[PDB]
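A single chain comes next, written as structure tokens; it is the form deposited in one PDB entry.
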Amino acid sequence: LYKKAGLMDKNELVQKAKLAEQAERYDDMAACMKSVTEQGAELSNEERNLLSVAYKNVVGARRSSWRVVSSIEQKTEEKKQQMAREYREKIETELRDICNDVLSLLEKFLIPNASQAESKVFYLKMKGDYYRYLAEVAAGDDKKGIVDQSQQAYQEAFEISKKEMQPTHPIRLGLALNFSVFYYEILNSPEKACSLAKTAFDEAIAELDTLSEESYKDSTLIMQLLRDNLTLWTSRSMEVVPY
């Protein structure tokens, strides 16, 4: 504007994203973390975590709005129907922006800068998520193509994490959680879904001896969701966790 290039230092940007979080202003938070990302430095686990939550909440709000409106779109007898149809489309657009914004960050910065496998797995999972959201809202011909960009990501994530990470690890567990949901809600393979969940859950249960006090609340919460899902698939406080 007309400021003198006393821009915010990275440390300061992160202090703001935190402030923005406690103040329930996730647009601000996403913005602060997008900036930090763009500096090109590999993000610390804190920053990475912060970034993830920030966009979980931002994309999340729209997804809720899209589902409310897309529903109302269809509880219609005439003219009001396409009032809703357009509103939905405007929301789909907000969505695709946020999704593509994040997807960019993941391609141009986060995934290439990934040091240890744990981080690659992190960002690949993220990639599958936001490709998945595009898919949820994608057009007829595009969908099939979007939905397996989603799957390729989740998949590579899965493979690395099996070779390289403990099953009690929140990242591997959160990946499991969202992949099994992918198979279920996106591919309608409740069979492949249930397999992923149970295996993931069991292998973690197998090694609860190994789960550390520091990962404990997070991992067990994800395990609990995996298991709560399995009951349902047989017979969202996830927005505050990065995994």
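Shifts are known only where both forms have a C-alpha. The first residue of the sequence shown is number 1, and the count goes up from there. Between two forms, the rigid core is the largest collection of C-alphas that superpose within 1.5 Å.
Unshown form solved in complex with a partner chain; subsequent notes refer to it.
For the chain shown alone, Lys120 is not a contact residue for the partner chain in the entry with it bound, no non-hydrogen atom being within 4.5 angstroms. Contact check for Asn49: a non-hydrogen atom falls within 4.5 Å of the partner chain in the entry with it bound. For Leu177, a non-hydrogen atom is located within 4.5 Å of the partner chain in the entry with it bound, even though that partner is not displayed. Contact annotation for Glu185: at least one heavy atom lies within 4.5 Å of the partner chain in the entry with it bound. For the three residues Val181, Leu225 and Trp233, a heavy atom within 4.5 Å of the partner chain turns up in the entry with it bound in every case. Taking the core as reference, just one block of three or more adjacent residues between the shown form and the other one has all its Cα positions offset by 2 Å or more: 209-218.
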